[PDB]
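> One structure follows; several queries about it will come next.
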Amino acid sequence: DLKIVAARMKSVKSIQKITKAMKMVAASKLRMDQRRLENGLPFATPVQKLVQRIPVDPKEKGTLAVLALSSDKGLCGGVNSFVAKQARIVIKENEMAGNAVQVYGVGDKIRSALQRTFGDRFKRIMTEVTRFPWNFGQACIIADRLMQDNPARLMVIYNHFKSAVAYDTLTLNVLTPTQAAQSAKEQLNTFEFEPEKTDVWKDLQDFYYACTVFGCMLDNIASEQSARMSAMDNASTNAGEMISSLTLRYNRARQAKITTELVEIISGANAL
Amino acid sequence: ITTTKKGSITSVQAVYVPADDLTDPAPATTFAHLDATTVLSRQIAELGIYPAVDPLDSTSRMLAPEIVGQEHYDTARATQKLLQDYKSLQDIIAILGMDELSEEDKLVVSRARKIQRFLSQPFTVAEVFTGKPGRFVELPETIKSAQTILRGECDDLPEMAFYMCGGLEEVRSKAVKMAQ
Amino acid sequence: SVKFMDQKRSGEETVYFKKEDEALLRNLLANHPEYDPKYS
Amino acid sequence: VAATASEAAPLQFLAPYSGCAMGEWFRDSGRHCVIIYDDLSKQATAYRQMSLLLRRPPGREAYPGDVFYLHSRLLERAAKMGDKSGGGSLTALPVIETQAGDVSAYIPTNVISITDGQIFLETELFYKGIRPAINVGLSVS
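Residue numbers (the entry's author numbering), protein chains in the order written: chain g, 42 to 313; chain D, 375 to 554; chain i, 57 to 96; chain E, 284 to 424.
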């Protein structure tokens, strides 16, 4: 018919238009997110390197806690898919040995990905974080929530933002108080702690948690926006292709309608 | 053409469909006279699936549980539900992509592609332009294979392992050979 | 695509404004006590 | 055998049959001949013209119902005679022009139901540079 094809063409044209607009919007947001990274990464790298001097083994047995960072909006490509894939891999690897696993998450997408399969392991989930600009106050809350539930070993899954068209999924084995007390911290003897080490360690550790969450979420946000732009590009292209096909079908149906109506009139005119 | 108290005529009629239009008067009239139907499609033949049967437009009167068992009926209806749920996502997959879908929908898409490819048989007469030998398939093997694919006992296998294999033992052997 | 988008829009709007109506119904009688039958 | 656009429609309607009659001599004699038709659709258009001018009732795309019979009369003469009928042969490489690659139309489908094969050609491959632009997934034999 005609009304069907015309309605479909109208809808797909609107989709293409909105897709291009959202592409430009996501480009602007990616500029601002790259700025946020460039300003806020130096705040996080030093303490992370300082505590990473203490090597953490990821084979340690104990109550694992997996913090999976994700988004809340869709059309983000497939970054959350890869995050949840890595999380499933980690959970299925660590649950065989007998380590009781708990799951913390950021964003509704990881929740929708893992509800049916690993919903009997969630501990605390946060969302609506990407509404306002990311800030250190948002991260300190999550870090405090992690510390109040002090586990024996912590892992953090997120997406590293290599370039505007390339990301990379990673897993950070994060130090914990249980893993710190089991080490004499001989690697930090080169550093002169102005307060004594035993008095400043708990604060350095809380700062480490906060900075880790901060940097990880910034990288995930940037990767999300890059994937969003790519997805909008692909969607606009596919919409153009569908528009071409529907245009062909519309012209065919138009010609058919004209011919049919005219043949009806002529057959009614010659039967007199 | 009709079975009577004297004898019986089974009939197998090939009905052309001009310009791929099933609303033409000829096939439209012919549909009313049939006890079983098999609607072939060009969209499915372009995917290399042969026989290019559209299992949703195809239907029959001998599918009720009072003729065939309830396991056959239930397997058929579950397969139809699966393929319809996959058809309902074609637009959103073409525009946006599989990433927008949830996990249940992704499992559905996987099983639907698998059961589409599994409903593809190499005939004996096609050996002249296909090369692969023919595969006669009994009914209980088909039903067991469909049950297993629907349950989730074949999600580990690939998608191109169901193409022109007949039963499931061939599918598993082909998956083994494809692992290399 | 047509029925899909239409029904998605309807559901999204319905959910959003159902939440908003729940909150407004919570916070109504305080800010408008002249309608509150408790004071009548 | 030339029946060009300036020529009348009956001559375009004929010329294929005249060429096939010229090839039937080789087929019956035992000689092998190949006939190429450029394009058959033009012949169908000429037949449609002659039919509408005879006040006949149109059909799908205004083409009458005797178009299939036309092309099938023409093409069923292409044959490989047997050992007792001389042993000749007569190929036939009919040509059809589509519109935007639509082969689900009426005349292409009428001819696909008559032939023993199909050689497809695309505009994408011809604009890229691939020449001959012979697709291989759609082409069969």
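Quick reminder that beta carbons are idealized off the backbone N, C-alpha and C, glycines included.
(1) Could you give the uninterrupted runs of the alpha helix (DSSP H) lying entirely in the stretch 486-545 of chain D, keeping only those of 4 residues or more?
(2) Out of curiosity, what's the CA-to-CA distance linking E302 (chain g) and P299 (chain E)?
(3) If you drop the 5 nearest sequence neighbours on each side, which residues of the same chain put their C-beta closer than 7 angstroms to that of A280 (chain g)?
(4) Taking 9 angstroms as the threshold (beta carbon to beta carbon), is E344 (chain E) in contact with chain g?
(5) Does the CB of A383 (chain E) have a neighbour CB from chain g at under 9 angstroms?
(6) Per the contact definition of three or more C-beta pairs closer than 8 angstroms, is the stretch 506-526 of chain D in contact with the stretch 180-191 of chain g?
(7) Tell me, which residues are paired with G146 (chain g) by DSSP?
(8) Between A294 (chain g) and chain D, is there a C-beta pair that is closer than 9 angstroms?
(9) Using DSSP's beta-bridge definition, name the partner residues of residue 262 (chain E).
(10) Can you tell me whether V97 (chain g) is helix, strand or coil according to DSSP?
(11) So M283 (chain g) contacts chain D; which residues on that side make the cut at Cβ distance below 8 angstroms?
(12) Roughly how many angstroms separate the alpha carbons of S547 (chain D) and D244 (chain g), rounded to a whole number?
(13) Note down, in chain order, each residue of its chain lying with its Cβ closer than 6 angstroms to the Cβ of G306 (chain E), except the 5 sequence neighbours on either side.
(14) Would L337 (chain E) and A345 (chain E) be called neighbours here (beta carbons separated by less than 9 angstroms)?
(15) For a minimum of 4 consecutive residues, which ranges assigned as the alpha helix (DSSP H) are wholly contained in the stretch 148-231 of chain g?
(16) Quick check on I299 (chain g): does DSSP put it in helix, strand or coil?
(17) Near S264 (chain g), which residues of its chain fall below 6 angstroms by C-beta distance, leaving aside the five closest residues on each side in sequence?
(18) Excluding sequence positions up to five away, which residues of its chain have a Cβ less than 8 angstroms from the Cβ of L404 (chain E)?
(19) What in chain D is Cβ-close to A388 (chain E), meaning under 8 angstroms?
(20) Any residues in the stretch 57-88 of chain i with a beta carbon nearer than 8 angstroms to a beta carbon of chain g? Which ones, in chain order?
(21) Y424 (chain D) and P532 (chain D) - do their beta-carbons sit closer together than 9 angstroms?
(22) I'd like the list of long-range same chain contacts for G540 (chain D), defined as Cβ closer than 7 angstroms, with 5 residues on each side in sequence excluded.
(23) First and last residue of the alpha helix (DSSP H) that includes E290 (chain E)?
(24) With burial defined as no fewer than 16 other Cβ atoms inside 10 Å of the residue's Cβ, what is the status of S476 (chain D): buried or exposed?
(25) Of all the CB atoms in chain i, is at least one closer than 9 angstroms to the CB of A62 (chain g)?
(26) Under 8 angstroms Cβ to Cβ from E501 (chain D), same chain only, skipping five residues before and after it: list those, please.
(27) Can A419 (chain D) and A426 (chain D) be called in contact, C-beta distance under 9 angstroms?
(28) Kindly indicate which residue of g:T171, g:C117, g:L287 has the alpha-carbon position closest to the one of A47 (chain g).
(29) Using the Cα positions of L481 (chain D) and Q458 (chain D), report the straight-line distance between them to the nearest angstrom.
(30) Taking only three categories from DSSP, how would you classify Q401 (chain E)?
(31) Classify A184 (chain g): buried if its beta carbon has 16 or more other beta carbons within 10 angstroms, exposed otherwise.
(32) Please list the terminal residues of the continuous alpha helix (DSSP H) segment that includes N393 (chain E).
(33) When DSSP labels each residue in this structure, what does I417 (chain E) get in the three-state scheme?
(34) Can you confirm whether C181 (chain g), when its beta carbon is compared against all beta carbons of chain D, has any partner nearer than 9 angstroms?
(35) Could you round the C-beta distance between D431 (chain D) and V413 (chain D) to whole angstroms and report it? I think they count as a contact, below 8 angstroms.
(36) Look at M270 (chain g) and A62 (chain g) and say whether their C-beta atoms are less than 9 angstroms apart.
The short version:
(1) 501-504, 513-525
(2) 33 angstroms
(3) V53, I56, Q57, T60
(4) yes
(5) yes
(6) no
(7) g:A109, g:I166
(8) no
(9) Beyond the ends of chain E as shown, which are 284 and 424, falls residue 262 (chain E); an answer cannot be given.
(10) coil
(11) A468, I469
(12) 59 angstroms
(13) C316, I318, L373
(14) no
(15) 149-159, 177-189, 218-222
(16) helix
(17) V120, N200, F202, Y208
(18) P415, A416, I417, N418
(19) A393
(20) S57, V58, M61
(21) no
(22) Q495, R509, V511
(23) No alpha helix (DSSP H) contains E290 (chain E), which DSSP labels as neither H nor E.
(24) exposed
(25) no
(26) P507, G508
(27) yes
(28) g:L287
(29) 14 angstroms
(30) strand
(31) buried
(32) 389-395
(33) strand
(34) no
(35) 4 angstroms
(36) no
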